[PDB]
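Working notes, beginning with the structure itself.
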Amino acid sequence: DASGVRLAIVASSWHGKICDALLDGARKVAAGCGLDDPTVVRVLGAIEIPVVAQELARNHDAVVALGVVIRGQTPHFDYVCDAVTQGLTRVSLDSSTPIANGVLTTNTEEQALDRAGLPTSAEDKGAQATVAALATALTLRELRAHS
Amino acid sequence: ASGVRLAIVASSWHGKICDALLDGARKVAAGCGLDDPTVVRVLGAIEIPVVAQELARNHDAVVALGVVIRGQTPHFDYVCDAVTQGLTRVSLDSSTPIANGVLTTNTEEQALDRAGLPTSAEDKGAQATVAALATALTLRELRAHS
Amino acid sequence: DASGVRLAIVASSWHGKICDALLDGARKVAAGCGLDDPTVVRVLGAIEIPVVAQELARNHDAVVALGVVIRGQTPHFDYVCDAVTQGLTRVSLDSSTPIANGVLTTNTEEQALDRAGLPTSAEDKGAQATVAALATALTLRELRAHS
Amino acid sequence: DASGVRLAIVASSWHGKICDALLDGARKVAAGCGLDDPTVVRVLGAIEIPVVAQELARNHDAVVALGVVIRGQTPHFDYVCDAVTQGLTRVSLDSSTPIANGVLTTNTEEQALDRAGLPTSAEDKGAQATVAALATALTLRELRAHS
Amino acid sequence: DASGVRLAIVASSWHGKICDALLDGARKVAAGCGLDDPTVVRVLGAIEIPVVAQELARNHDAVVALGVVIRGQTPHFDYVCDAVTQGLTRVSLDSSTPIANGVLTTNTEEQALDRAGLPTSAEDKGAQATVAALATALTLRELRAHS
Ligand SMILES: O=c1[nH]c(=O)c2c([nH]1)n(C[C@@H](O)[C@H](O)[C@H](O)CO)c(=O)n2CCCCCOP(=O)(O)O
Ligand SMILES: O=c1[nH]c(=O)c2c([nH]1)n(C[C@@H](O)[C@H](O)[C@H](O)CO)c(=O)n2CCCCCOP(=O)(O)O
Ligand SMILES: O=c1[nH]c(=O)c2c([nH]1)n(C[C@@H](O)[C@H](O)[C@H](O)CO)c(=O)n2CCCCCOP(=O)(O)O
Ligand SMILES: O=c1[nH]c(=O)c2c([nH]1)n(C[C@@H](O)[C@H](O)[C@H](O)CO)c(=O)n2CCCCCOP(=O)(O)O
Ligand SMILES: O=c1[nH]c(=O)c2c([nH]1)n(C[C@@H](O)[C@H](O)[C@H](O)CO)c(=O)n2CCCCCOP(=O)(O)O
Ligand SMILES: [K+]
Ligand SMILES: [K+]
Ligand SMILES: [K+]
Ligand SMILES: [K+]
Ligand SMILES: [K+]
Ligand SMILES: [K+]
Ligand SMILES: [K+]
Ligand SMILES: [K+]
Ligand SMILES: [K+]
Ligand SMILES: [K+]
Ligand SMILES: [K+]
Ligand SMILES: [K+]
Ligand SMILES: [K+]
């Protein structure tokens, strides 16, 4: 079902075409699951995701984090990804809310395109992340108090 | 260990290996006198810690089961980092053992070899469950009585 | 327009020239967005950024961290970068304030120059970090309580 | 003279012979320092050390963590070691108690044996860790409030 | 003017000669900036630094962490350094106190000597760390509440 799940999606715009595709996949999963209505917020980069996810988790049962980090010529990629990983993990446990990871972390643009659910893509990580968010929210709802 | 309240949270990303880890875990629990641990499935390893956190509120030990296998991108690294960070935090926040039965392999062959199937070299799910129960019993004896 | 957001910038001066350039990009973005007078604080090294960002976050809607860490001969680069990543991530979530990462982490000085928005630079990370900080502050203000 | 310090030793039993060796080294140091009866607790694996160290820290002035993690064929070694590192560091600072790391992290068994203070070992990490725990506890006692 | 800053220095004893060189460098800067005799505490290893830095932070405006970690034959170096990085970053933010990092992390003894401010060293890390601690303390004092 999942139609009663309050879902938020925060998507980084850094690689616009790929981020738009991840967002499309997330929104289509939500729509397919009976949510035509998720809260959608855009941020500039992946690093801005956790603070916005933290705000969203106050008013939602699940948050999907979307974005694309692609390795460049420096170590910077490692640190961007470390920040996202540490931040989203903290947000999830602070708020006891699933924060689904649909942030691609690839070595090449081709790899990211192949994982964004564009027409020729092998998979759609934004869609996958949204399923995980919704499933976990439903699971937590059942585990928690009702009587 | 018949009095220990055990939860098992298992990611089903790689379904066959997850089922095998869970079977190992369930068998140990039963042999130890626990026929009815709380068992919860999640979709990916990333989802394990938030669910383990909820389980730790009502249990003496949680076993985390799953399988992460390296692909073509650095993504494997970040998934494993997230699980490590999350489970470590949950165990300390809740003062509850959160046993690690999450395989982190380069290949499917390696994961299979560690999931306690007929020809597997070992059963990580069983190992993690023994770890969880032993630690719960140890904590019970260290703590306040009688 | 960001004319109502309270912006602070904390910049490590370890590599002074590149710091200057990052700070210039940050200030130009802020000014373009209607903020002529952000709070600017200089520190001596990247390691010192988080504790100062922590303080700044008590009195601002967004903090931009600027700096340059360039790899040397030892593993030390890794741990400086780890510290910055861990610290800024913690500060952002503790304070529920965007702490934008304009801290370059490069293998070479050439790479850092190419990312500091000098005349022949490929990009300006200081400008990018400031756009991110401001956009995120504006986003959080709209997400949060208002009537 | 550590005769007044309350020492606990938590030792993982994975690689039992090396564990026994580390524990012997720790017990010998403790007895030399005036402590014939430290609290000794065995756990099955290194991952279990931090939660038990946390419990022990409530009732002791120092905890010595002993065990051995030896690399295998998969990345698993890395994550076990990361967990131990994150966990013991957290416990030490949460409890304001020294948690000495006597957990070996080796590529080979030969390496671990050479560091376990057996008759022909190069060093005795269990002994080292116990010295560190006791010395730090004594130092903290002096820095803290007394007459 | 840094003469009114309360400085603490915690130094590990592992690699005694290099630790002494770092501490000499720190003491010179402290004396050179006209500080009251800093609180100086010795610990056995770098792992023991954060818990003592935590205690010192309760009674000081800044803490300088000094030590030397040199890579050996096993992965152990990585985890010792990770622990230090994690611990010191946490202590600084928990206590809102600069904890300057003068902990060398080198592949060789030669590298560490070259960075320990001896007559023939390229760099003086003890000194650098102490300047960073003092400057950041002064910065925080000005940012914080006063006339
Ligand atoms: O979603 C993203 N995806 C990204 O790929 C990205 C982002 N964001 N940011 C910046 C961003 O995350 C923050 O907005 C910025 O740090 C300010 O906080 C980046 O600098 N990047 C580039 C990251 C990695 C590549 C770097 O290339 P070089 O090593 O510089 O060649
Ligand atoms: O148990 C798992 N095991 C896994 O192996 C796994 C999981 N889960 N998830 C996703 C998952 O953990 C989250 O559900 C998802 O990130 C949404 O939060 C993955 O993306 N993976 C794949 C991880 C690593 C392989 C990646 O392949 P590439 O690098 O993309 O070629
Ligand atoms: O902004 C920076 N950028 C930097 O590149 C930097 C900084 N700061 N600090 C020192 C600084 O971060 C701290 O002030 C210092 O640790 C005291 O706390 C550094 O030691 N560095 C040098 C870092 C990495 C290069 C190291 O060279 P070697 O490996 O020693 O050859
Ligand atoms: O002290 C240890 N020392 C260890 O070496 C160890 C331990 N413990 N555990 C398991 C253990 O830490 C936990 O008990 C378990 O994960 C359940 O929580 C391990 O799985 N190991 C093996 C770790 C690394 C080697 C792995 O080999 P492969 O990569 O699987 O070939
Ligand atoms: O300042 C240090 N500097 C150090 O270099 C150090 C320290 N300390 N400790 C131990 C120490 O940090 C702790 O006292 C110990 O873990 C007990 O808590 C170490 O084991 N080391 C050695 C670390 C790395 C080298 C290891 O050599 P192998 O890999 O064993 O060949
Ligand atoms: K929520
Ligand atoms: K798509
Ligand atoms: K319930
Ligand atoms: K519990
Ligand atoms: K099995
Ligand atoms: K704020
Ligand atoms: K510029
Ligand atoms: K609102
Ligand atoms: K204690
Ligand atoms: K021994
Ligand atoms: K202080
Ligand atoms: K010196
Ligand atoms: K002020």
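We're sticking with Swiss-Prot numbering for chain E, so the shown stretch reads 14-160, in order.
Cβ atoms are placed via backbone N, Cα and C, with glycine included.
In sequence order, E:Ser25, E:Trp27, E:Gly80, E:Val81, E:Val82, E:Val93, E:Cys94, E:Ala96, E:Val97, E:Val116 are the residues of the chain that are 6 or more apart from E:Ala59 (5-amino-6-(D-ribitylamino)uracil binding site) and have a CB within less than 8 Å of its CB. Per Swiss-Prot, 5-amino-6-(D-ribitylamino)uracil binding site is recorded for E:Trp27, E:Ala59, E:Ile60, E:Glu61, E:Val81, E:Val82, E:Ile83, E:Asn114, and the stated evidence type is similarity to another entry.
Other Cβ atoms within 10 Å of the Cβ of E:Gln86 ((2S)-2-hydroxy-3-oxobutyl phosphate binding site) number 12 in total over all chains. In the three-state DSSP reading, E:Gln86 ((2S)-2-hydroxy-3-oxobutyl phosphate binding site) counts as coil. What Swiss-Prot lists as (2S)-2-hydroxy-3-oxobutyl phosphate binding site is E:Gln86, E:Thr87, E:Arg128, and the listing cites similarity to another entry.
Feature annotation from Swiss-Prot assigns active site, proton donor to E:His89; the stated evidence is sequence analysis. A C-beta separation below 8 Å, combined with a sequence spacing of at least six in one chain, links E:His89 (active site, proton donor) to none of the other residues.
For E:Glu61 (5-amino-6-(D-ribitylamino)uracil binding site), the same-chain residues that are 6 or more apart in sequence and have a Cβ closer than 8 Å to its Cβ are E:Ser25. Calculated from their C-alpha atoms, the gap between E:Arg128 ((2S)-2-hydroxy-3-oxobutyl phosphate binding site) and E:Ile83 (5-amino-6-(D-ribitylamino)uracil binding site) amounts to 12 Å. In this view, E:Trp27 (5-amino-6-(D-ribitylamino)uracil binding site) is surrounded by 20 other Cβ atoms within 10 Å of its Cβ, with every protein chain counted. Contact annotation for chain D: of the listed recorded positions (E:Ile60, E:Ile83, E:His89), E:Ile60, E:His89 place their CB atoms under 8 A from a CB atom of that chain.
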